[PDB]
Ligand code: HEM
Ligand code: HEM
Ligand SMILES: N/C(=N/c1cccc(CO[C@@H]2CCNC2)c1)c1cccs1
Ligand SMILES: N/C(=N/c1cccc(CO[C@@H]2CCNC2)c1)c1cccs1
Ligand SMILES: C[C@H](O)[C@H](O)[C@H]1CNc2nc(N)[nH]c(=O)c2N1
Ligand SMILES: C[C@H](O)[C@H](O)[C@H]1CNc2nc(N)[nH]c(=O)c2N1
Ligand SMILES: [Cl-]
Ligand SMILES: [Cl-]
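Chains as they are written, first to last, in my numbering: chain A, 156 to 516; chain B, 156 to 516.
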């Protein structure tokens with residue numbers, strides 16, 4: 156067990172210190188770690204290792220198109236938290252600093268790691284900011300992707316107003332406790348963007364909106380054998396995530412038919428390509444709405460260009476590039492991006508972010 | 156060598172006869188084949204085996220979304236040809252019968268197979284009907300994908316008029332001959348569709364058009380160890396092939412900027428999603444134009460629905476399904492199809508159609 160930890164530690168420190176220009180400080184740091192592992196059963200990252208490890212992990216995320224700015228990640232070290240009030244305020248602070256009045260800072264807050272595979276902090280939220288979902292005999296409300304977590308929260312004394320956009324509470328469980336606590340979100344901390352169209356005034360009749368900052372809070376950060384199961388991170392949205400998936404998928408908000416209505420086209424014939432046309436106008440609306448409000452967002456064409464630069468930067472730096480083609484291509488006009496026309500190695504490189512099992516369900 | 160042939164033969168005949176309800180006739184047919192191989196070094200398919208083998212090959216084509224109608228394939232047995240006039244007239248006939256006045260019949264014409272890996276007939280065309288491409292100091296004309304074949308044809312005494320839509324000649328080489336012959340296509344045999352838009356009259360200013368029937372003529376059909384290197388096949392187009400790739404790719408006709416102009420939108424900002432909007436209108440134009448002229452075509456939504464039925468038909472029949480996710484998803488709105496949201500096994504099953512090296516280049 157402390158063998159696999161030692162092995163990953165050797166690989167990580169060598170690479171991390173190499174990139175940081177600290178290649179000479181390796182042996183003595185690896186020395187201390189080997190002792191610390193022998194005596195304690197684990198080791199503790201320096202602030203520098205942790206910060207860079209979180210950046211390397213983003214860089215190795217095969218499914219991420221926004222990796223160009225991996226080195227500008229804002230890393231918050233909250234390994235000091237011991238109380239649920241401390242966790243809550245850390246999460247509250249993350250939302251505030253990442254939002255930054257709309258000029259979103261890509262940020263990660265890092266909580267204490269697993270000890271013996273035992274979690275210190277266990278976050279139930281998929282994202283820190285997400286809408287509830289309800290299904291009750293034919294009546295479908297909100298975000299269906301949140302149906303299971305919502306039912307779980309309502310098992311704990313929470314109650315949603317049952318709008319299509321109920322903000323889910325923060326819900327996490329501390330080590331020792333049998334149940335998670337939940338805290339309602341302060342509305343003043345959550346930026347939302349109402350969806351309007353630049354040309355079509357009737358688009359507002361849909362009363363669509365989305366939240367400003369996507370903060371993934373259910374993935375495990377792995378850095379040199381250390382498992383930070385609780386390390387919520389954020390960037391800004393690519394418009395397609397909202398307009399082509401969240402609001403378009405039949406198993407999500409399923410709004411394409413209503414979009415077709417308000418833009419004045421029939422939704423009767425496949426050969427009219429009404430879904431395609433609705434997707435374009437909806438995605439135009441999303442980008443326009445975020446930019447009009449001053450909330451950071453990127454379109455899929457610009458993002459692909461940035462990713463091309465990331466590919467170029469990688470080869471120039473002598474690093475192997477890895478990627479998941481199936482996730483890197485945007486869900487609209489993917490053949491209009493260079494991504495579609497080349498292949499990527501889907502090998503896993505650590506440090507990285509990983510899926511982990513949900514405590515609920 | 157006759158070991159691998161015998162092995163593939165055993166696997167094929169057993170499966171083919173099983174599907175045909177002729178499972179009892181297997182041993183005696185396998186008997187004759189084993190003798191025929193021993194004495195001759197190869198074996199000859201019955202008409203029934205060949206017809207069904209060609210259908211099974213289509214069914215096993217992982218990259219094909221149109222596989223629902225695999226069993227309705229029109230198979231033409233031209234293993235009898237010996238002369239280049241016979242080949243030419245066979246190819247001429249294929250075009251005519253497949254076109255069928257616009258009501259396209261999915262058809263394959265099968266020529267004599269390789270003997271000792273030696274080709275009887277060697278087709279140079281990618282498709283029987285395709286446009287030439289020219290590149291001469293900054294001057295780019297026609298289809299760039301045809302640049303190498305065009306130069307090759309012009310090395311043989313052919314000369315194109317250098318329009319953007321020069322019909323390439325049929326070009327193939329007979330066994331024994333050192334050079335291929337080429338035959339100009341009779342215009343009366345080639346249906347073309349001028350591209351118009353249902354709502355936007357200015358779209359005709361682009362003077363776009365495409366050919367009616369895509370007839371792939373450079374792939375090898377493999378059936379039970381027998382290599383039919385020359386077996387051109389056709390179906391009808393999925394609109395996206397023309398509107399989202401052939402006319403949209405920068406390395407093809409690259410028409411999106413001009414489409415944006417004629418539909419009256421700016422092509423200046425990525426966030427306007429002008430490429431996405433142009434793709435939709437161009438693809439609407441393509442579908443409308445084919446249907447208006449009475450030439451068979453399918454949109455990507457309908458095609459995906461048909462493919463879903465193919466998936467259902469396959470499981471119901473107890474057959475494993477194989478597919479290439481990266482090719483099955485349409486290049487526009489793929490997330491609007493069920494294909495995007497499931498995975499496919501990309502295993503190779505024979506019989507099948509395979510790539511083979513180009514004689515030119
Ligand atoms: C800066 C702006 C960013 C943009 C525009 C961006 C874009 C994207 C997009 C569009 C996806 C696909 C998500 C989906 O389809 O559900 C993605 C996946 C991902 N991104 Fe990023 N990203 C950004 C920043 C970050 C940051 C800061 C991290 C973490 C340090 C990160 C790590 C990931 C990971 C781990 C995934 C895959 C999640 C999964 O497998 O489900 N990205 N990114
Ligand atoms: C009936 C109408 C048909 C439709 C709508 C259809 C649709 C498609 C499409 C859209 C592709 C992708 C082509 C590309 O992206 O370049 C494809 C690939 C393919 N189709 Fe079909 N197809 C049809 C009939 C057939 C037939 C009759 C055959 C042969 C018996 C066939 C075998 C294949 C093969 C082998 C490929 C892959 C070619 C490659 O790997 O480059 N299909 N099909
Ligand atoms: N733009 C983003 N979009 C996403 C990035 C990663 C994941 C997700 C949502 O998670 C997937 C949705 C369904 N399965 C996992 C969204 C980011 C969130 C945090 C940093 S970038
Ligand atoms: N619809 C079609 N489209 C295609 C199907 C298969 C292949 C192609 C074109 O070949 C690819 C284009 C570039 N590489 C190979 C087009 C068909 C042609 C013949 C039967 S169906
Ligand atoms: C690299 C990638 O495999 C390549 O660009 C593929 C992607 N999927 C495709 N799918 C289809 N139908 N046709 C294509 O030409 C391609 N190109
Ligand atoms: C089956 C397939 O892998 C799945 O639907 C994937 C495809 N590519 C994707 N790409 C992104 N960015 N996001 C997704 O949710 C998916 N879904
Ligand atoms: Cl999201
Ligand atoms: Cl084509």
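All C-beta atoms in this analysis are idealised placements derived from N, C-alpha and C, irrespective of residue type, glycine included.
Contact list for residue i against chain B, beta-carbon separation under 7 Å
i             : result
residue 432/A : 435
Contact list for residue i against chain A, beta-carbon separation under 8 Å
i             : result
residue 438/B : 428 and 431
residue 454/B : 425, 426 and 428
residue 457/B : 425 and 426
residue 442/B : 426 and 428
residue 355/B : Within 8 Å Cβ-Cβ: nothing; residue 355/B doesn't reach chain A, min ~13 Å.
residue 349/B : None at all; the shortest Cβ gap to chain A is about 18 Å.
Residue i - containing beta strand (DSSP E), residue span
i             : result
residue 375/B : 375-378
residue 314/A : From DSSP, residue 314/A is part of no beta strand (DSSP E); its letter is neither H nor E.
residue 337/B : 336-338
residue 294/A : 294-297
residue 328/A : 325-329
residue 229/A : 229-232
residue 507/A : 507-509
residue 514/A : Careful: residue 514/A lies outside any beta strand (DSSP E) and carries neither H nor E.
residue 349/B : 347-349
Residue i CB to nearest heavy atom of ligand 4 below 6 Å
i             : result
residue 369/B : yes
residue 389/B : yes
residue 289/B : no
residue 510/B : no
Partners in chain B for residue i, counting only beta-carbon separations shorter than 9 Å
i             : result
residue 480/A : 481
beta-carbon residue i near ligand 7 non-hydrogen atom, thresh 6 Å
i             : result
residue 347/A : no
residue 396/A : yes
Chain-ordered neighbours of residue i on chain A, where CB pairs are closer than 7 Å
i             : result
residue 400/B : 490
Near ligand 2: residue i beta-carbon under 6 Å from a heavy atom
i             : result
residue 218/B : yes
residue 365/B : no
residue 374/A : no
residue 221/B : yes
residue 393/B : yes
residue 161/A : no
Heavy atom of ligand 5 within 6 Å of residue i beta-carbon
i             : result
residue 481/B : yes
residue 495/A : yes
Opening and closing residue of the alpha helix (DSSP H) in which residue i lies
i             : result
residue 413/B : 411-417
residue 462/A : 455-471
residue 429/B : 429-448
residue 483/A : 480-483
Listed by chain order, chain B residues near residue i by CB distance under 8 Å
i             : result
residue 446/A : 426
Chain A residues whose Cβ lies nearer than 9 Å to that of residue i
i             : result
residue 486/B : 488, 489, 490, 491 and 495
Residue i: CB within 6 Å of a non-hydrogen atom of ligand 6
i             : result
residue 498/B : yes
Below-7 Å beta-carbon distance, residue i vs any chain E residue
i             : result
residue 485/B : No chain E appears in the structure shown, which is made up of the protein chains A and B.
Residue i: CB within 6 Å of a non-hydrogen atom of ligand 3
i             : result
residue 286/A : no
Cβ-heavy atom distance, residue i to ligand 1, below 6 Å
i             : result
residue 504/A : no
residue 453/A : yes
(message) Runs of 4 residues minimum, wholly inside the region 166-222 of chain A: which ones carry the alpha helix (DSSP H) assignment?
(response) 181-195 and 202-214
(request) Jot down the residue ranges of each uninterrupted beta strand (DSSP E) in the region 234-290 of chain A, minimum 3 residues, whole runs only, in chain order. (result) 262-265 and 276-278
(request) Output the residue ranges of the beta strand (DSSP E) runs that lie fully inside the region 351-396 of chain A and measure 3 residues or longer, sorted by chain position. (result) 364-366, 375-378 and 381-383
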